[PDB]
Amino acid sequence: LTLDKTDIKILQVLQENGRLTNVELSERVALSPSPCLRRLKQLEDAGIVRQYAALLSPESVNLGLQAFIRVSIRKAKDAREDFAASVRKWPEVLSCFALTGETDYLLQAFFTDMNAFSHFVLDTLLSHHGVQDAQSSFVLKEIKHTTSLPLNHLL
C-alpha cells in the first residue's frame, strides 16, 4: 500500500538501528508491538527493505585502501556481460555502476594496502579480456558515509 508517516519513521529508525527488537522499535514510533511488526513485514515483502546487514569497520579488518576505479570497457560483443559477471565474483569490489560521462563504469573496492591493489589491478582487472582501460583514485579521508537513504520526500 502507501507509506504514511508511521511507515517512514520505522524506516528512519531501522536504517540506523537495523537490529532493534519489535519492542524497542514500537517504543520509538508510538506503536503497539503487534501493529508495528505487521507494518514492518508489509514493508519487507514489498521490497522496501531489501536486506538487514552488519556494517564493519574497514580499518578494523586491515582494509586500509579504499579504491575508486574508473574502468573503460571494450567495444566488443558480450564485453559488458562478461565484465559484469566477473565483477560480481570479486569480493574485493563491493559496488559497481555504469555511469554517465567519460567513465564507462565505476568500482568501489577495498584492499589491504597498495600491494594488494597492484596485484588486483594488474593480474585480474586488467587481465580480463573486456577491460580496455583502468584508472583509479584513492580515498584520503572519509568525510561522510551512511547507508541511510533520505525519506522526507514522502511526507
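Residue numbers here begin at 1 and follow the sequence given.
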Stretch with the greater mean C-alpha B-factor as recorded in the entry, comparing 54 to 62 against 26 to 34: 26 to 34
For 139 to 147 versus 17 to 25, entry-based mean Cα B-factors point to 17 to 25
Select lowest, middle or highest to describe the third in which the CA B-factor of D113 falls within its chain in this entry. middle
CA B-factor placement of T103, once the chain's modelled residues are sorted into thirds: highest
Tell me, lowest, middle or highest third: where does the Cα B factor of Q42 rank within its chain? highest
